[PDB]
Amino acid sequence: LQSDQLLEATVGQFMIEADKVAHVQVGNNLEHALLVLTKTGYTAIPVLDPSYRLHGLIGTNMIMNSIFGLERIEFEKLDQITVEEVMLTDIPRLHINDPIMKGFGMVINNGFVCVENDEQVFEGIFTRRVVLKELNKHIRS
């Protein structure tokens, strides 16, 4: 796109598509979430319900907060607690047709923002890296 087109673009045109987004389910236990986070290398990822609607975010710090005990790391709790119980639910959301400037503003305070369609089906994530890389092209030239 040319610079006089970037502001008119949509969030969906620059998001990471959902089939490339690591995620877990609300009903998974924290051991499964910790394995997915660690193996994919990400510090926080979306949490979906079985019908593919976003309900929250789960991250390593949330999980460790649940198992750092008084005397020891209580790793047995990883199999006893579900993602639902500790996930972050107050998160912003974008629509695939949202103007990209709405996404630009939301990533000031958020490393990524989840994107859904009009029926709340999860569609992908809008990340700071993609924003920064594209603004890279247009401030320069």
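One-based numbering along the sequence shown.
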Stretch with the greater mean C-alpha B-factor as recorded in the entry, comparing 74 to 82 against 43 to 51: 74 to 82
Stretch with the higher entry mean CA B-factor, where the candidates are 93 to 101 and 30 to 38: 93 to 101
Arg129 CA temperature factor, ranked by third within the chain: middle
Chain thirds of CA B-factor: placement of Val113: lowest
